[PDB]
>>> print(open('target-v7.txt').read())   # compact mmCIF, C-alpha atoms and all ligand atoms
# COMPACT_ATOMS: atom_id res chain seq x y z
CA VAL D 1 -3.61 2.04 20.48
CA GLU D 2 -5.47 5.06 19.10
CA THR D 3 -8.63 4.68 17.03
CA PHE D 4 -9.56 7.24 14.36
CA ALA D 5 -12.51 7.77 12.03
CA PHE D 6 -11.78 7.98 8.32
CA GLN D 7 -12.99 11.14 6.69
CA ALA D 8 -16.51 10.44 5.46
CA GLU D 9 -15.41 10.60 1.82
CA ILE D 10 -12.74 7.94 2.35
CA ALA D 11 -15.12 5.67 4.21
CA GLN D 12 -17.50 6.05 1.26
CA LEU D 13 -14.69 5.13 -1.14
CA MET D 14 -13.81 2.06 0.89
CA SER D 15 -17.42 0.89 0.92
CA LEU D 16 -17.62 1.37 -2.85
CA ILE D 17 -14.46 -0.72 -3.29
CA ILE D 18 -15.79 -3.45 -1.02
CA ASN D 19 -19.36 -3.49 -2.35
CA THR D 20 -19.07 -2.92 -6.11
CA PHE D 21 -19.10 -5.98 -8.35
CA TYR D 22 -15.80 -5.77 -10.21
CA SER D 23 -13.81 -8.81 -11.30
CA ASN D 24 -10.47 -7.18 -12.27
CA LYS D 25 -9.18 -7.18 -8.68
CA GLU D 26 -5.55 -7.87 -9.60
CA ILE D 27 -4.82 -4.17 -10.14
CA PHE D 28 -4.45 -3.75 -6.37
CA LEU D 29 -0.84 -4.92 -6.71
CA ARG D 30 0.15 -2.31 -9.30
CA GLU D 31 -1.34 0.41 -7.11
CA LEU D 32 0.63 -0.65 -4.03
CA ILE D 33 3.83 -1.03 -6.04
CA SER D 34 3.22 2.43 -7.51
CA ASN D 35 2.98 3.85 -3.99
CA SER D 36 6.25 2.12 -3.06
CA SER D 37 7.89 3.51 -6.20
CA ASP D 38 6.77 7.04 -5.28
CA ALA D 39 8.23 6.66 -1.79
CA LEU D 40 11.49 5.28 -3.18
CA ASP D 41 11.68 8.19 -5.65
CA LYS D 42 11.41 10.57 -2.71
CA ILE D 43 14.15 9.13 -0.52
CA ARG D 44 16.36 8.80 -3.61
CA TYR D 45 15.82 12.46 -4.47
CA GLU D 46 16.45 13.68 -0.93
CA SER D 47 19.58 11.54 -0.60
CA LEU D 48 21.17 13.51 -3.43
CA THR D 49 21.48 16.60 -1.23
CA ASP D 50 21.73 14.79 2.13
CA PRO D 51 23.45 11.40 1.76
CA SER D 52 23.00 10.79 5.51
CA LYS D 53 19.33 10.10 4.84
CA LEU D 54 20.46 6.69 3.59
CA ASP D 55 22.14 5.88 6.92
CA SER D 56 18.96 3.91 7.64
CA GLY D 57 19.58 1.79 4.54
CA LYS D 58 21.15 2.40 1.13
CA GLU D 59 19.25 -0.27 -0.79
CA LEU D 60 16.19 1.06 -2.66
CA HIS D 61 13.92 -1.84 -3.53
CA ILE D 62 10.62 -3.68 -3.17
CA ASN D 63 10.00 -7.21 -1.81
CA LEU D 64 6.78 -9.16 -2.35
CA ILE D 65 6.38 -11.81 0.32
CA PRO D 66 3.52 -14.32 0.29
CA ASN D 67 2.79 -16.40 3.39
CA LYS D 68 0.18 -19.14 3.05
CA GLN D 69 0.22 -19.98 6.78
CA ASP D 70 -0.78 -16.41 7.72
CA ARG D 71 -2.74 -15.86 4.48
CA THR D 72 -0.85 -12.62 3.90
CA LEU D 73 0.79 -10.92 0.96
CA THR D 74 3.27 -8.33 2.15
CA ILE D 75 4.65 -5.51 0.00
CA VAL D 76 7.87 -4.15 1.54
CA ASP D 77 9.68 -1.05 0.31
CA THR D 78 12.67 0.90 1.55
CA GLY D 79 11.14 4.23 0.59
CA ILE D 80 11.04 7.43 2.59
CA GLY D 81 8.49 6.07 5.08
CA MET D 82 5.51 7.79 6.69
CA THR D 83 5.26 9.99 9.78
CA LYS D 84 2.46 9.84 12.34
CA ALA D 85 1.05 13.02 10.78
CA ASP D 86 1.03 11.33 7.37
CA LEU D 87 -0.97 8.43 8.79
CA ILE D 88 -3.50 10.37 10.85
CA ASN D 89 -4.02 13.62 8.95
CA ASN D 90 -2.02 14.52 5.92
CA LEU D 91 -2.47 11.65 3.47
CA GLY D 92 -6.19 11.62 4.27
CA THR D 93 -6.43 15.33 3.53
CA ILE D 94 -4.83 14.76 0.14
CA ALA D 95 -6.99 11.70 -0.54
CA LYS D 96 -10.21 13.73 -0.15
CA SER D 97 -9.93 15.61 -3.44
CA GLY D 98 -8.78 12.51 -5.31
CA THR D 99 -11.62 10.48 -3.85
CA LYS D 100 -14.17 13.08 -4.94
CA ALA D 101 -12.73 13.18 -8.46
CA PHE D 102 -12.65 9.37 -8.69
CA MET D 103 -16.26 9.01 -7.56
CA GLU D 104 -17.39 11.54 -10.12
CA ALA D 105 -15.36 9.79 -12.82
CA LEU D 106 -17.00 6.48 -11.93
CA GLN D 107 -20.43 8.09 -12.35
CA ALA D 108 -19.35 9.17 -15.83
CA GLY D 109 -18.14 5.75 -16.97
CA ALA D 110 -14.69 5.25 -15.47
CA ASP D 111 -13.97 1.91 -13.79
CA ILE D 112 -12.22 0.92 -10.58
CA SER D 113 -8.93 0.05 -12.33
CA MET D 114 -8.43 3.77 -12.98
CA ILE D 115 -8.23 4.50 -9.24
CA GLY D 116 -4.52 5.34 -9.35
CA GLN D 117 -5.11 8.16 -11.83
CA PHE D 118 -6.86 9.92 -8.94
CA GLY D 119 -4.12 9.36 -6.39
CA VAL D 120 -6.04 7.04 -4.07
CA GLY D 121 -4.84 3.66 -5.28
CA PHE D 122 -3.92 2.43 -1.80
CA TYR D 123 -7.59 1.72 -1.08
CA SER D 124 -7.73 -0.82 -3.89
CA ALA D 125 -6.09 -3.09 -1.32
CA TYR D 126 -9.62 -3.67 -0.05
CA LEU D 127 -10.51 -5.48 -3.28
CA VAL D 128 -8.57 -8.44 -1.92
CA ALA D 129 -7.85 -7.84 1.78
CA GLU D 130 -10.22 -8.11 4.75
CA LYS D 131 -7.67 -6.24 6.85
CA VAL D 132 -4.58 -4.23 5.98
CA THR D 133 -1.74 -3.60 8.43
CA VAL D 134 0.89 -1.04 7.49
CA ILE D 135 4.23 -0.79 9.31
CA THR D 136 6.18 2.32 8.44
CA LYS D 137 9.37 4.10 9.52
CA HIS D 138 10.55 7.57 8.48
CA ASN D 139 13.99 8.91 9.45
CA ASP D 140 14.01 10.85 12.72
CA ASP D 141 10.57 9.46 13.62
CA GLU D 142 9.33 6.31 15.30
CA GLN D 143 8.10 3.09 13.75
CA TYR D 144 4.30 3.01 13.49
CA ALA D 145 1.64 0.40 12.84
CA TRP D 146 -1.51 1.51 11.03
CA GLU D 147 -4.38 -0.90 10.62
CA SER D 148 -7.90 -1.06 9.24
CA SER D 149 -10.58 -3.58 8.40
CA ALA D 150 -12.65 -0.71 6.97
CA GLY D 151 -16.00 -0.11 8.65
CA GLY D 152 -15.12 3.57 9.02
CA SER D 153 -12.12 3.44 11.33
CA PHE D 154 -8.40 2.79 11.51
CA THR D 155 -5.88 2.44 14.33
CA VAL D 156 -2.37 3.78 14.83
CA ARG D 157 0.12 2.62 17.45
CA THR D 158 3.85 2.90 17.98
CA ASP D 159 5.23 -0.42 16.77
CA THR D 160 7.40 -2.51 19.09
CA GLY D 161 7.81 -5.32 16.56
CA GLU D 162 10.96 -5.98 14.56
CA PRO D 163 12.66 -2.69 13.66
CA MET D 164 12.46 -1.97 9.92
CA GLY D 165 15.20 0.56 9.26
CA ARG D 166 13.28 2.82 6.90
CA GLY D 167 10.31 2.38 4.59
CA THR D 168 6.87 0.83 4.52
CA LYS D 169 5.50 -2.69 4.80
CA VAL D 170 1.92 -3.27 3.66
CA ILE D 171 0.54 -6.54 5.02
CA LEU D 172 -2.55 -7.67 3.16
CA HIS D 173 -4.64 -10.11 5.19
CA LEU D 174 -6.34 -11.70 2.21
CA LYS D 175 -10.01 -12.55 1.98
CA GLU D 176 -10.69 -16.29 2.01
CA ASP D 177 -11.56 -16.38 -1.70
CA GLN D 178 -8.55 -14.32 -2.80
CA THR D 179 -5.70 -16.72 -1.96
CA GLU D 180 -4.65 -16.84 -5.61
CA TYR D 181 -2.48 -13.82 -4.74
CA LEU D 182 -0.27 -16.06 -2.61
CA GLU D 183 0.73 -18.15 -5.66
CA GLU D 184 4.11 -17.48 -7.25
CA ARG D 185 2.89 -17.90 -10.81
CA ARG D 186 0.00 -15.51 -10.21
CA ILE D 187 2.06 -12.75 -8.62
CA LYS D 188 4.73 -13.06 -11.33
CA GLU D 189 2.05 -12.76 -13.98
CA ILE D 190 0.59 -9.63 -12.41
CA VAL D 191 3.94 -7.89 -11.93
CA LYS D 192 4.88 -8.54 -15.56
CA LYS D 193 1.47 -7.33 -16.76
CA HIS D 194 1.14 -4.10 -14.77
CA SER D 195 4.49 -3.26 -13.12
CA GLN D 196 7.01 -4.28 -15.75
CA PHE D 197 9.10 -1.11 -15.82
CA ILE D 198 9.24 -0.01 -12.19
CA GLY D 199 12.66 1.58 -11.65
CA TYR D 200 13.60 -0.42 -8.54
CA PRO D 201 14.25 -4.14 -8.11
CA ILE D 202 11.15 -6.14 -7.21
CA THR D 203 11.98 -9.46 -5.56
CA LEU D 204 9.20 -12.01 -5.42
CA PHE D 205 9.87 -14.31 -2.48
CA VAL D 206 8.68 -17.90 -2.66
CA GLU D 207 7.50 -20.29 0.04
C1 LIG M 301 0.01 8.12 -3.60
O1 LIG M 301 0.34 8.87 -2.49
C2 LIG M 301 1.37 8.45 -1.67
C3 LIG M 301 2.21 7.44 -2.08
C4 LIG M 301 3.24 7.03 -1.25
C5 LIG M 301 3.42 7.63 0.00
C6 LIG M 301 4.56 7.19 0.95
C7 LIG M 301 4.79 5.90 1.47
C8 LIG M 301 3.94 4.68 1.15
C9 LIG M 301 2.59 4.77 1.47
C10 LIG M 301 1.73 3.74 1.14
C11 LIG M 301 0.35 3.97 1.72
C12 LIG M 301 0.09 3.10 2.74
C13 LIG M 301 -1.11 3.20 3.53
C14 LIG M 301 -1.97 4.24 3.26
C15 LIG M 301 -3.24 4.38 4.07
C16 LIG M 301 -1.66 5.18 2.24
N1 LIG M 301 -2.55 6.20 1.99
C17 LIG M 301 -2.27 7.10 1.01
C18 LIG M 301 -1.15 7.06 0.24
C19 LIG M 301 -0.22 6.01 0.46
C20 LIG M 301 -0.52 5.07 1.49
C21 LIG M 301 2.22 2.56 0.56
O2 LIG M 301 1.37 1.57 0.27
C22 LIG M 301 3.57 2.45 0.25
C23 LIG M 301 4.44 3.55 0.56
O3 LIG M 301 5.82 3.47 0.29
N2 LIG M 301 5.87 5.91 2.29
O4 LIG M 301 6.33 7.25 2.30
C24 LIG M 301 5.56 8.02 1.51
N3 LIG M 301 5.83 9.41 1.38
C25 LIG M 301 5.87 10.23 0.38
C26 LIG M 301 5.73 11.79 0.64
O5 LIG M 301 5.52 9.76 -0.62
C27 LIG M 301 2.58 8.62 0.41
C28 LIG M 301 1.54 9.06 -0.44
>>> encode(input="target-v7.txt", output="structure tokens", more="lines below")
Ligand SMILES: COc1ccc(-c2c(-c3cc(-c4ccc(C)c5ncccc45)c(O)cc3O)noc2NC(C)=O)cc1
Amino acid sequence: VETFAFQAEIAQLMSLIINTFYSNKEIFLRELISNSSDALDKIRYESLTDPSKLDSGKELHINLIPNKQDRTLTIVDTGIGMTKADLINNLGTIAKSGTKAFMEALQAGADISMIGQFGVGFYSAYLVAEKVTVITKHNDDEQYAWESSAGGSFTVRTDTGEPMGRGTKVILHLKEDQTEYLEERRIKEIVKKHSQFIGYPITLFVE
């Protein structure tokens, strides 16, 4: 297990997300689904010139899986998946500029729901999760587990859990007062409100 420091700007963003009073938390789901959609777009595009990239799974879709026992909401996609370099360096590098822009926009009257317009929507997960665990698998690379409870650091390890195939699984360990996001009616409502036209099937599992 390797432990890494977030870039200072990203740690600042995470603290803002955790500390700011902001009631419209439900937008976290749209942001995560948007990320899944982007990843699905990419594997779809690449498969057009190299069909063998779908050897790790032809189905392009998103599953939403609530588990009341574990107090988790999991967002699973069969997108392109992330490499170790994505997790440690490259997505953070990209997030720096977006974070800066978002912070500045907030100072000028934007609100937290607009986070995705700055390309850093993943971090909205921390509106509802005390810890986020991300399992990801890119073709020709190993399966990784990324994890953070904020506080300025994250971990990455090679994952020996159940093999995924290809894609990304975001496991939201929900805060004690945010269990509404385990309820079928609530998740359905949010998907219809904010993610109605996503171009991949979204299956909401029930318990
Ligand atoms: C908005 O920027 C991105 C969106 C999706 C992805 C992504 C993902 C993916 C990442 C995330 C994601 C998960 C976890 C973290 C820390 C992320 N940080 C920045 C951007 C995305 C992150 C996710 O929630 C779902 C996803 O399907 N899997 O392969 C990907 N690769 C390509 C080039 O897009 C990467 C960047």
>>> residues_near_ligand(input="target-v7.txt", ligand="ligand LIG 301 (chain M)", cutoff="6 Å", atoms="only C-alpha atoms and all ligand atoms", output="compact mmCIF listing (two decimals) with C-alpha atoms, in the frame of the given file")
# COMPACT_ATOMS: atom_id res chain seq x y z
CA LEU D 32 0.63 -0.65 -4.03
CA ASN D 35 2.98 3.85 -3.99
CA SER D 36 6.25 2.12 -3.06
CA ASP D 38 6.77 7.04 -5.28
CA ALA D 39 8.23 6.66 -1.79
CA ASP D 77 9.68 -1.05 0.31
CA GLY D 79 11.14 4.23 0.59
CA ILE D 80 11.04 7.43 2.59
CA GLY D 81 8.49 6.07 5.08
CA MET D 82 5.51 7.79 6.69
CA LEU D 91 -2.47 11.65 3.47
CA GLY D 119 -4.12 9.36 -6.39
CA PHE D 122 -3.92 2.43 -1.80
CA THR D 168 6.87 0.83 4.52
CA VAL D 170 1.92 -3.27 3.66
>>> residues_around(input="target-v7.txt", residues="residue D:11", least_positions_apart="4", cutoff="12 Å", atoms="only C-alpha atoms", output="mmCIF file with C-alpha atoms, keeping the file's coordinate frame")
data_model
loop_
_atom_site.group_PDB
_atom_site.id
_atom_site.type_symbol
_atom_site.label_atom_id
_atom_site.label_comp_id
_atom_site.auth_asym_id
_atom_site.auth_seq_id
_atom_site.Cartn_x
_atom_site.Cartn_y
_atom_site.Cartn_z
ATOM 1 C CA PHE D 4 -9.560 7.240 14.360
ATOM 2 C CA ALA D 5 -12.510 7.770 12.030
ATOM 3 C CA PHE D 6 -11.780 7.980 8.320
ATOM 4 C CA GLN D 7 -12.990 11.140 6.690
ATOM 5 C CA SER D 15 -17.420 0.890 0.920
ATOM 6 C CA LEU D 16 -17.620 1.370 -2.850
ATOM 7 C CA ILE D 17 -14.460 -0.720 -3.290
ATOM 8 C CA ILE D 18 -15.790 -3.450 -1.020
ATOM 9 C CA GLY D 92 -6.190 11.620 4.270
ATOM 10 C CA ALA D 95 -6.990 11.700 -0.540
ATOM 11 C CA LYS D 96 -10.210 13.730 -0.150
ATOM 12 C CA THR D 99 -11.620 10.480 -3.850
ATOM 13 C CA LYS D 100 -14.170 13.080 -4.940
ATOM 14 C CA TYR D 123 -7.590 1.720 -1.080
ATOM 15 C CA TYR D 126 -9.620 -3.670 -0.050
ATOM 16 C CA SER D 148 -7.900 -1.060 9.240
ATOM 17 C CA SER D 149 -10.580 -3.580 8.400
ATOM 18 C CA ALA D 150 -12.650 -0.710 6.970
ATOM 19 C CA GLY D 151 -16.000 -0.110 8.650
ATOM 20 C CA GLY D 152 -15.120 3.570 9.020
ATOM 21 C CA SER D 153 -12.120 3.440 11.330
ATOM 22 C CA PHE D 154 -8.400 2.790 11.510
#
>>> closest_residue(input="target-v7.txt", among="D:198, D:171, D:204, D:60", to="residue D:42", atoms="all atoms listed in the file")
D:60
>>> atom_distance(input="target-v7.txt", atom1="atom CA of residue D:31", atom2="atom CA of residue D:116")
6.3 Å
>>> residues_around(input="target-v7.txt", residues="residue D:195", least_positions_apart="4", cutoff="8 Å", atoms="all atoms listed in the file", output="list in words")
residues 30, 33, 190 and 191 of chain D
>>> closest_residue(input="target-v7.txt", among="D:157, D:169, D:185, D:58", to="residue D:142", atoms="only C-alpha atoms")
D:157
>>> closest_residue(input="target-v7.txt", among="D:156, D:187, D:14, D:110", to="residue D:88", atoms="all atoms listed in the file")
D:156
>>> closest_residue(input="target-v7.txt", among="D:158, D:102, D:85, D:177", to="residue D:121", atoms="only C-alpha atoms")
D:102
>>> closest_residue(input="target-v7.txt", among="D:127, D:206, D:176, D:137", to="residue D:160", atoms="only C-alpha atoms")
D:137
>>> closest_residue(input="target-v7.txt", among="D:10, D:164, D:174, D:29", to="residue D:193", atoms="all atoms listed in the file")
D:29
>>> atom_distance(input="target-v7.txt", atom1="atom CA of residue D:128", atom2="atom CA of residue D:43")
28.8 Å
>>> residues_near_point(input="target-v7.txt", point="(-1.2, -19.8, -0.7)", cutoff="8 Å", atoms="only C-alpha atoms", output="PDB file with C-alpha atoms, in the frame of the given file")
ATOM      1  CA  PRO D  66       3.520 -14.320   0.290  1.00  0.00           C
ATOM      2  CA  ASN D  67       2.790 -16.400   3.390  1.00  0.00           C
ATOM      3  CA  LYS D  68       0.180 -19.140   3.050  1.00  0.00           C
ATOM      4  CA  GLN D  69       0.220 -19.980   6.780  1.00  0.00           C
ATOM      5  CA  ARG D  71      -2.740 -15.860   4.480  1.00  0.00           C
ATOM      6  CA  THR D 179      -5.700 -16.720  -1.960  1.00  0.00           C
ATOM      7  CA  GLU D 180      -4.650 -16.840  -5.610  1.00  0.00           C
ATOM      8  CA  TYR D 181      -2.480 -13.820  -4.740  1.00  0.00           C
ATOM      9  CA  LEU D 182      -0.270 -16.060  -2.610  1.00  0.00           C
ATOM     10  CA  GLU D 183       0.730 -18.150  -5.660  1.00  0.00           C
TER      11      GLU D 183
END
>>> residues_around(input="target-v7.txt", residues="residue D:113", least_positions_apart="2", cutoff="9 Å", atoms="only C-alpha atoms", output="JSON, numbers by chain")
{"D": [24, 25, 27, 28, 110, 111, 115, 116, 117, 121, 124]}
>>> build_atoms(input="target-v7.txt", residues="stretch 51-87 of chain D", atoms="N, CA and C atoms", output="tab-separated table (two decimals), in the frame of the given file")
chain	number	residue	atom	x	y	z
D	51	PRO	N	23.15	12.83	1.83
D	51	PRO	CA	23.45	11.40	1.76
D	51	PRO	C	23.20	10.67	3.08
D	52	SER	N	23.18	11.40	4.19
D	52	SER	CA	23.00	10.79	5.51
D	52	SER	C	21.59	10.23	5.68
D	53	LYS	N	20.68	10.63	4.79
D	53	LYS	CA	19.33	10.10	4.84
D	53	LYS	C	19.29	8.62	4.48
D	54	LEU	N	20.37	8.11	3.89
D	54	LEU	CA	20.46	6.69	3.59
D	54	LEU	C	21.20	5.91	4.69
D	55	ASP	N	21.52	6.57	5.79
D	55	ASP	CA	22.14	5.88	6.92
D	55	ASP	C	21.25	4.74	7.41
D	56	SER	N	19.94	4.90	7.21
D	56	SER	CA	18.96	3.91	7.64
D	56	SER	C	18.77	2.80	6.61
D	57	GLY	N	19.58	2.83	5.56
D	57	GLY	CA	19.58	1.79	4.54
D	57	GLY	C	19.79	2.35	3.15
D	58	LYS	N	20.83	1.89	2.46
D	58	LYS	CA	21.15	2.40	1.13
D	58	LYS	C	20.35	1.72	0.03
D	59	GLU	N	19.93	0.48	0.25
D	59	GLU	CA	19.25	-0.27	-0.79
D	59	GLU	C	17.83	0.24	-1.03
D	60	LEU	N	17.52	0.56	-2.28
D	60	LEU	CA	16.19	1.06	-2.66
D	60	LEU	C	15.50	-0.03	-3.47
D	61	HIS	N	14.53	-0.70	-2.86
D	61	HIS	CA	13.92	-1.84	-3.53
D	61	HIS	C	12.57	-2.21	-2.94
D	62	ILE	N	11.93	-3.19	-3.57
D	62	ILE	CA	10.62	-3.68	-3.17
D	62	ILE	C	10.68	-5.21	-3.06
D	63	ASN	N	10.17	-5.76	-1.96
D	63	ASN	CA	10.00	-7.21	-1.81
D	63	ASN	C	8.52	-7.55	-1.75
D	64	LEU	N	8.14	-8.64	-2.41
D	64	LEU	CA	6.78	-9.16	-2.35
D	64	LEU	C	6.86	-10.50	-1.66
D	65	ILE	N	6.19	-10.64	-0.52
D	65	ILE	CA	6.38	-11.81	0.32
D	65	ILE	C	5.04	-12.47	0.62
D	66	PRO	N	4.76	-13.62	-0.01
D	66	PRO	CA	3.52	-14.32	0.29
D	66	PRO	C	3.73	-15.28	1.45
D	67	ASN	N	2.72	-15.44	2.30
D	67	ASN	CA	2.79	-16.40	3.39
D	67	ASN	C	1.45	-17.12	3.50
D	68	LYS	N	1.42	-18.38	3.07
D	68	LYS	CA	0.18	-19.14	3.05
D	68	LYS	C	-0.34	-19.48	4.45
D	69	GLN	N	0.58	-19.73	5.38
D	69	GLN	CA	0.22	-19.98	6.78
D	69	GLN	C	-0.59	-18.83	7.38
D	70	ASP	N	-0.12	-17.60	7.17
D	70	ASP	CA	-0.78	-16.41	7.72
D	70	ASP	C	-1.83	-15.84	6.77
D	71	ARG	N	-1.89	-16.38	5.55
D	71	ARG	CA	-2.74	-15.86	4.48
D	71	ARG	C	-2.49	-14.37	4.24
D	72	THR	N	-1.22	-14.01	4.15
D	72	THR	CA	-0.85	-12.62	3.90
D	72	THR	C	0.02	-12.48	2.66
D	73	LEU	N	-0.16	-11.37	1.96
D	73	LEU	CA	0.79	-10.92	0.96
D	73	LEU	C	1.31	-9.59	1.45
D	74	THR	N	2.63	-9.51	1.63
D	74	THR	CA	3.27	-8.33	2.15
D	74	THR	C	4.08	-7.64	1.05
D	75	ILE	N	3.89	-6.33	0.93
D	75	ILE	CA	4.65	-5.51	0.00
D	75	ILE	C	5.58	-4.63	0.84
D	76	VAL	N	6.88	-4.87	0.74
D	76	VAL	CA	7.87	-4.15	1.54
D	76	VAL	C	8.66	-3.22	0.64
D	77	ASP	N	8.80	-1.96	1.03
D	77	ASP	CA	9.68	-1.05	0.31
D	77	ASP	C	10.61	-0.34	1.28
D	78	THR	N	11.73	0.13	0.76
D	78	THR	CA	12.67	0.90	1.55
D	78	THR	C	12.60	2.37	1.15
D	79	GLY	N	11.38	2.84	0.91
D	79	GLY	CA	11.14	4.23	0.59
D	79	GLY	C	11.30	5.16	1.77
D	80	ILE	N	10.82	6.39	1.60
D	80	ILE	CA	11.04	7.43	2.59
D	80	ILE	C	10.32	7.15	3.92
D	81	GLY	N	9.26	6.34	3.87
D	81	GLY	CA	8.49	6.07	5.08
D	81	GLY	C	7.52	7.18	5.43
D	82	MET	N	6.55	6.84	6.28
D	82	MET	CA	5.51	7.79	6.69
D	82	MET	C	5.61	8.18	8.16
D	83	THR	N	5.28	9.44	8.42
D	83	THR	CA	5.26	9.99	9.78
D	83	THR	C	3.88	9.75	10.39
D	84	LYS	N	3.76	9.99	11.70
D	84	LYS	CA	2.46	9.84	12.34
D	84	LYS	C	1.45	10.80	11.72
D	85	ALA	N	1.91	12.01	11.40
D	85	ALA	CA	1.05	13.02	10.78
D	85	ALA	C	0.57	12.58	9.40
D	86	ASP	N	1.44	11.90	8.65
D	86	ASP	CA	1.03	11.33	7.37
D	86	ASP	C	-0.15	10.39	7.59
D	87	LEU	N	0.00	9.50	8.56
D	87	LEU	CA	-0.97	8.43	8.79
D	87	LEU	C	-2.31	8.92	9.32
